[PDB]
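Heads up, data.csv below (CSV, C-alpha atoms):
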```csv
chain,number,residue,atom,x,y,z
A,1,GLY,CA,-87.2,41.6,61.7
A,2,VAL,CA,-85.9,43.5,58.6
A,3,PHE,CA,-82.2,44.2,59.1
A,4,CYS,CA,-80.6,46.7,56.8
A,5,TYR,CA,-77.1,46.2,55.6
A,6,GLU,CA,-74.9,48.3,53.1
A,7,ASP,CA,-71.5,48.1,51.4
A,8,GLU,CA,-70.5,51.3,49.7
A,9,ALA,CA,-67.1,51.1,47.8
A,10,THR,CA,-65.0,52.8,45.1
A,11,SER,CA,-64.4,51.4,41.6
A,12,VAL,CA,-62.0,52.2,38.7
A,13,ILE,CA,-65.0,52.4,36.3
A,14,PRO,CA,-67.7,55.0,35.6
A,15,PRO,CA,-70.9,53.7,37.3
A,16,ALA,CA,-72.5,52.8,33.9
A,17,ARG,CA,-70.1,49.8,33.6
A,18,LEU,CA,-70.2,49.0,37.3
A,19,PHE,CA,-74.0,48.7,37.3
A,20,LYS,CA,-74.0,47.0,33.9
A,21,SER,CA,-71.6,44.3,35.2
A,22,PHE,CA,-72.8,43.8,38.8
A,23,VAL,CA,-76.6,43.8,38.2
A,24,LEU,CA,-77.4,43.7,34.5
A,25,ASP,CA,-74.8,40.9,33.6
A,26,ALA,CA,-75.3,39.4,37.1
A,27,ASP,CA,-76.6,36.4,35.2
A,28,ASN,CA,-73.0,35.3,34.1
A,29,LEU,CA,-70.7,37.8,35.9
A,30,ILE,CA,-71.5,37.2,39.7
A,31,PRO,CA,-71.3,33.4,39.1
A,32,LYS,CA,-67.8,34.0,37.5
A,33,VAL,CA,-66.8,36.4,40.3
A,34,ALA,CA,-67.8,34.4,43.4
A,35,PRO,CA,-67.8,31.1,41.3
A,36,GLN,CA,-67.6,29.2,44.6
A,37,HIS,CA,-71.1,30.5,45.8
A,38,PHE,CA,-72.9,31.0,42.4
A,39,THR,CA,-72.6,28.7,39.3
A,40,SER,CA,-74.8,30.2,36.5
A,41,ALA,CA,-78.1,32.0,35.8
A,42,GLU,CA,-81.3,32.2,33.6
A,43,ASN,CA,-84.0,34.9,33.3
A,44,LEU,CA,-86.9,32.7,34.6
A,45,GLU,CA,-89.9,35.0,33.8
A,46,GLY,CA,-89.8,38.8,33.2
A,47,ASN,CA,-90.0,41.9,31.0
A,48,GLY,CA,-86.3,42.9,31.5
A,49,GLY,CA,-87.6,45.7,33.8
A,50,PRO,CA,-89.1,45.3,37.3
A,51,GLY,CA,-91.5,42.4,38.0
A,52,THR,CA,-88.7,40.1,36.5
A,53,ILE,CA,-87.6,36.9,38.2
A,54,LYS,CA,-84.0,35.9,37.5
A,55,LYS,CA,-83.0,32.3,38.5
A,56,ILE,CA,-79.3,32.5,39.8
A,57,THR,CA,-77.9,29.0,40.4
A,58,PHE,CA,-76.5,28.7,43.8
A,59,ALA,CA,-73.8,26.9,45.9
A,60,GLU,CA,-72.0,26.2,49.1
A,61,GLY,CA,-69.1,23.9,48.3
A,62,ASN,CA,-70.9,22.1,45.5
A,63,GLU,CA,-74.0,23.5,43.7
A,64,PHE,CA,-77.0,23.4,46.0
A,65,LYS,CA,-80.2,24.8,44.3
A,66,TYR,CA,-81.7,27.5,42.1
A,67,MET,CA,-82.1,30.8,43.9
A,68,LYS,CA,-84.8,33.2,42.7
A,69,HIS,CA,-83.8,36.9,42.4
A,70,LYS,CA,-86.7,39.3,41.9
A,71,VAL,CA,-86.0,42.6,40.0
A,72,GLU,CA,-88.1,45.4,41.7
A,73,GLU,CA,-86.7,48.7,40.2
A,74,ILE,CA,-83.7,49.1,37.7
A,75,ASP,CA,-82.3,52.7,37.1
A,76,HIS,CA,-79.1,52.7,34.8
A,77,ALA,CA,-79.8,56.6,34.7
A,78,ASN,CA,-78.7,56.8,38.4
A,79,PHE,CA,-76.9,53.4,38.1
A,80,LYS,CA,-79.4,51.8,40.6
A,81,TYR,CA,-80.8,48.3,40.6
A,82,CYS,CA,-83.2,47.3,43.4
A,83,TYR,CA,-84.0,43.6,43.8
A,84,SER,CA,-85.4,41.0,46.1
A,85,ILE,CA,-85.4,37.2,46.8
A,86,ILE,CA,-88.7,35.3,47.2
A,87,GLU,CA,-87.0,31.9,47.3
A,88,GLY,CA,-83.4,30.8,47.7
A,89,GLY,CA,-80.8,29.0,50.1
A,90,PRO,CA,-80.9,32.0,52.5
A,91,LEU,CA,-84.8,32.2,52.3
A,92,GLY,CA,-84.7,28.6,53.2
A,93,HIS,CA,-85.5,28.3,57.0
A,94,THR,CA,-85.3,31.8,58.5
A,95,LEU,CA,-86.0,34.5,55.8
A,96,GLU,CA,-89.3,35.5,54.1
A,97,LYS,CA,-87.5,37.8,51.7
A,98,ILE,CA,-84.2,39.4,51.2
A,99,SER,CA,-83.9,42.8,49.4
A,100,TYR,CA,-81.0,44.4,47.6
A,101,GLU,CA,-80.7,48.0,46.5
A,102,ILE,CA,-77.9,49.0,44.3
A,103,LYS,CA,-77.3,52.6,43.8
A,104,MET,CA,-74.2,53.6,41.9
A,105,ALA,CA,-73.2,57.2,42.5
A,106,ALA,CA,-70.3,59.6,41.6
A,107,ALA,CA,-67.0,59.3,43.6
A,108,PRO,CA,-64.1,61.8,44.5
A,109,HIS,CA,-62.0,59.2,42.5
A,110,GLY,CA,-60.7,60.0,39.0
A,111,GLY,CA,-62.8,58.2,36.3
A,112,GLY,CA,-64.3,56.1,39.2
A,113,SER,CA,-67.7,55.2,40.8
A,114,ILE,CA,-69.2,54.7,44.2
A,115,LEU,CA,-70.8,51.2,44.0
A,116,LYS,CA,-73.5,50.4,46.5
A,117,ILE,CA,-75.1,47.2,47.3
A,118,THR,CA,-77.7,47.4,50.1
A,119,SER,CA,-79.1,44.1,51.3
A,120,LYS,CA,-82.1,43.8,53.7
A,121,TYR,CA,-83.1,40.6,55.3
A,122,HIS,CA,-86.8,40.1,56.1
A,123,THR,CA,-86.5,37.5,58.8
A,124,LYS,CA,-89.5,35.3,59.1
A,125,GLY,CA,-91.6,36.0,62.3
A,126,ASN,CA,-90.4,32.7,63.7
A,127,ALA,CA,-86.7,33.7,63.1
A,128,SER,CA,-84.1,36.5,63.7
A,129,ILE,CA,-81.4,37.9,61.6
A,130,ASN,CA,-79.8,34.6,61.3
A,131,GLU,CA,-76.4,35.2,62.9
A,132,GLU,CA,-75.4,32.2,60.6
A,133,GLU,CA,-77.2,33.2,57.3
A,134,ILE,CA,-77.0,37.1,57.5
A,135,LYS,CA,-73.3,36.9,58.5
A,136,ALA,CA,-72.9,34.9,55.3
A,137,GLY,CA,-75.1,37.3,53.2
A,138,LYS,CA,-73.1,40.4,54.3
A,139,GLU,CA,-69.7,38.7,53.7
A,140,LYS,CA,-70.7,37.1,50.2
A,141,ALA,CA,-72.1,40.5,49.0
A,142,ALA,CA,-68.6,41.9,50.0
A,143,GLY,CA,-67.1,39.0,48.0
A,144,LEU,CA,-68.8,40.3,44.9
A,145,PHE,CA,-68.0,44.0,45.3
A,146,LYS,CA,-64.3,43.2,46.0
A,147,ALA,CA,-64.0,40.5,43.3
A,148,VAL,CA,-65.8,42.9,40.9
A,149,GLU,CA,-63.5,45.7,41.9
A,150,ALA,CA,-60.7,43.4,40.7
A,151,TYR,CA,-62.5,41.8,37.7
A,152,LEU,CA,-64.0,45.2,36.5
A,153,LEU,CA,-60.5,46.6,37.4
A,154,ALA,CA,-59.2,44.2,34.6
A,155,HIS,CA,-62.2,44.6,32.3
A,156,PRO,CA,-63.2,48.3,33.0
A,157,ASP,CA,-64.0,48.4,29.3
A,158,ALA,CA,-66.1,45.3,29.0
A,159,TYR,CA,-69.3,46.9,30.4
A,160,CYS,CA,-68.9,50.1,28.4
```

Since I need it in another form, could you write the structure as structure tokens?
Amino acid sequence: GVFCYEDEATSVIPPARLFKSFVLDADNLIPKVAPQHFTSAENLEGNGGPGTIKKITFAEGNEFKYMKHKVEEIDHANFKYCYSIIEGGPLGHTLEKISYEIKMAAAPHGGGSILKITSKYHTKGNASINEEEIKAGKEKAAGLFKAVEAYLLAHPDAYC
């Protein structure tokens, strides 16, 4: 089954900075912002736009594997980034893909942003929403939006 999760939250930053940190500099920023679950990244093969595989290096406790993060549509004009995961630790037994859709919208907050991450989980036809793996995916995605709300609260300017 595809399950469809979202975390919509409010940031100190205009969404240009919030998309440009979370998604565009995901390669170093996410692995500095939940540094316990992600260690580093590399742009594996891609044109910078969609059809790009990023390789985000990935952990539980210690470093585990490379995970492969597939860019499917970027939109800095609406501060969106849609992506996918063809291979990875979560993909590993029970999932055939995961998607993410970022949209970053305007907020009622002064100078701020609505961040969204979506994540969907395409559970292999042998497997559910892994109560183990999808409860991790939803809590680790919250990890980043909260830790980025703090880190981008301290470097609002960096991604300008």

Box for stretch 79-90 of chain A - axis-aligned, 4 Å on each of the six sides, all listed atoms - centre and size in Å to one decimal, as JSON.
```
{"center_x": -82.8, "center_y": 41.2, "center_z": 45.3, "size_x": 19.8, "size_y": 32.4, "size_z": 22.4}
```

Original post:
Can you list, as a list in words, every protein, DNA or RNA residue that comes within 10 Å of residue A:3 when you count only C-alpha atoms, leaving out same-chain residues fewer than 6 positions away?
Top reply: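 Listed by chain and then number, they are residues 98, 99, 119, 120, 121, 122, 123, 128, 129 and 134 of chain A.
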
Original post:
So which one's closest to residue A:53, A:75, A:6, A:132, A:87? Using all atoms listed in the file, please.
Top reply: A:87

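The shortest atom-to-atom distance to residue A:41, with all atoms listed in the file taken into account, belongs to A:66 out of A:79, A:145, A:66, A:19.
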
**OP:** Please work out which residues fall within 12 Å of (-71.8, 34.4, 40.2), coordinates as given in the file, with only C-alpha atoms counting, and return them as JSON, numbers by chain.
**Re:** {"A": [21, 22, 23, 25, 26, 27, 28, 29, 30, 31, 32, 33, 34, 35, 36, 37, 38, 39, 40, 41, 42, 55, 56, 57, 58, 59, 63, 67, 140, 141, 143, 144, 145, 147, 148]}

Original post:
Pick the closest to residue A:158 from A:10, A:110, A:4, A:20: which is it, counting all atoms listed in the file?
Top reply: A:20

**OP:** May I have the residues within 6 Å of residue A:72 as a list in words, using all atoms listed in the file and disregarding those fewer than 5 positions away in the same chain?
**Re:**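 Once the nearby chain positions are removed, what remains is residues 50, 51, 82 and 83 of chain A.
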
**OP:** Choose the residue, out of A:73, A:111, A:60, A:86, that has the smallest atom-to-atom separation from residue A:156; count only C-alpha atoms.
**Re:** A:111

Subject >> Among listed residues A:62, A:47, A:94, A:113, nearest residue A:78 (using all atoms listed in the file) >> reply: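 Closest to residue A:78, using all atoms listed in the file: A:113.
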
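Nearest to residue A:137 of all the residues A:64, A:100, A:159, A:81 is A:100, based on all atoms listed in the file.
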
Original post:
Quick one: residues within 10 Å of stretch 7-9 of chain A, only C-alpha atoms counted, chain neighbours fewer than 5 positions away excluded, as a ChimeraX atom specification?
Top reply: /A:102-105,107,113-119,138-139,141-142,145-146,149

Original post:
So what do you get for atom CA of residue A:131 versus atom CA of residue A:85, distance-wise?
Top reply: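 Interatomic distance here is 18.6 Å.
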
**OP:** Using atom CA of residue A:61 and atom CA of residue A:1 as the two end points, give the distance in Å to one decimal.
**Re:**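 So the answer is 28.6 Å.
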
**OP:** Go ahead and compute the interatomic distance for atom CA of residue A:96 and atom CA of residue A:136, in Å to one decimal.
**Re:**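 Going from atom CA of residue A:96 over to atom CA of residue A:136 covers 16.5 Å.
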
Subject >> Contacts of residue A:54 at 8 Å (only C-alpha atoms; same-chain gap of 5+ positions) as JSON, numbers by chain >> reply: {"A": [27, 41, 42, 43, 44, 45, 46, 68, 69, 70, 71]}

Kindly add N, CA, C and O atoms to the incomplete stretch 31-52 of chain A and provide the output as a compact mmCIF listing (two decimals), in the frame of the given file.
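Once everything was written out, this is out22.txt:
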```txt
# COMPACT_ATOMS: atom_id res chain seq x y z
N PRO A 31 -71.68 34.78 39.04
CA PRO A 31 -71.30 33.40 39.10
C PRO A 31 -69.93 33.04 38.45
O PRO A 31 -69.49 31.89 38.51
N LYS A 32 -69.25 34.01 37.82
CA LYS A 32 -67.80 34.00 37.50
C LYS A 32 -66.93 34.68 38.51
O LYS A 32 -65.71 34.51 38.49
N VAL A 33 -67.52 35.48 39.42
CA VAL A 33 -66.80 36.40 40.30
C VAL A 33 -66.85 36.05 41.80
O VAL A 33 -65.85 36.28 42.48
N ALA A 34 -67.89 35.36 42.26
CA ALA A 34 -67.80 34.40 43.40
C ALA A 34 -68.24 33.02 42.88
O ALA A 34 -69.30 32.52 43.28
N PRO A 35 -67.45 32.39 41.98
CA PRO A 35 -67.80 31.10 41.30
C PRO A 35 -67.96 29.96 42.28
O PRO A 35 -68.54 28.93 41.92
N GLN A 36 -67.46 30.10 43.51
CA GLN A 36 -67.60 29.20 44.60
C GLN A 36 -69.01 29.20 45.27
O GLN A 36 -69.42 28.19 45.85
N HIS A 37 -69.75 30.32 45.19
CA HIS A 37 -71.10 30.50 45.80
C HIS A 37 -72.23 30.55 44.75
O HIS A 37 -73.39 30.30 45.10
N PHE A 38 -71.93 30.88 43.50
CA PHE A 38 -72.90 31.00 42.40
C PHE A 38 -72.33 30.35 41.14
O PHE A 38 -71.17 30.60 40.82
N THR A 39 -73.09 29.53 40.42
CA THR A 39 -72.60 28.70 39.30
C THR A 39 -73.00 29.20 37.93
O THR A 39 -72.21 29.08 36.99
N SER A 40 -74.20 29.75 37.79
CA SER A 40 -74.80 30.20 36.50
C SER A 40 -76.09 30.97 36.74
O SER A 40 -76.51 31.11 37.89
N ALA A 41 -76.74 31.51 35.70
CA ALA A 41 -78.10 32.00 35.80
C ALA A 41 -78.97 31.84 34.54
O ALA A 41 -78.47 31.59 33.44
N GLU A 42 -80.27 32.08 34.68
CA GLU A 42 -81.30 32.20 33.60
C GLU A 42 -82.34 33.22 34.00
O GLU A 42 -82.72 33.35 35.16
N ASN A 43 -82.86 33.98 33.03
CA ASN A 43 -84.00 34.90 33.30
C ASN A 43 -85.30 34.06 33.19
O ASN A 43 -85.77 33.68 32.12
N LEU A 44 -85.84 33.73 34.37
CA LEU A 44 -86.90 32.70 34.60
C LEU A 44 -88.20 33.20 33.91
O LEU A 44 -88.71 32.53 33.02
N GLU A 45 -88.70 34.37 34.32
CA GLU A 45 -89.90 35.00 33.80
C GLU A 45 -89.78 36.53 34.06
O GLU A 45 -89.59 36.93 35.21
N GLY A 46 -89.95 37.38 33.05
CA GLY A 46 -89.80 38.80 33.20
C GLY A 46 -89.74 39.62 31.92
O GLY A 46 -89.48 39.08 30.84
N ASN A 47 -89.97 40.92 32.06
CA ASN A 47 -90.00 41.90 31.00
C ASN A 47 -88.66 42.64 30.77
O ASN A 47 -88.61 43.65 30.07
N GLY A 48 -87.58 42.20 31.44
CA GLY A 48 -86.30 42.90 31.50
C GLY A 48 -86.28 44.05 32.53
O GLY A 48 -85.29 44.21 33.24
N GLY A 49 -87.37 44.80 32.66
CA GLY A 49 -87.60 45.70 33.80
C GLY A 49 -88.08 45.05 35.05
O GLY A 49 -87.95 43.83 35.20
N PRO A 50 -88.62 45.80 36.01
CA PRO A 50 -89.10 45.30 37.30
C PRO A 50 -90.32 44.40 37.17
O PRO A 50 -91.08 44.51 36.20
N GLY A 51 -90.55 43.52 38.15
CA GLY A 51 -91.50 42.40 38.00
C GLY A 51 -90.78 41.18 37.34
O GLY A 51 -91.44 40.21 36.97
N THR A 52 -89.46 41.22 37.15
CA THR A 52 -88.70 40.10 36.50
C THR A 52 -88.13 39.21 37.61
O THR A 52 -87.43 39.66 38.51
```
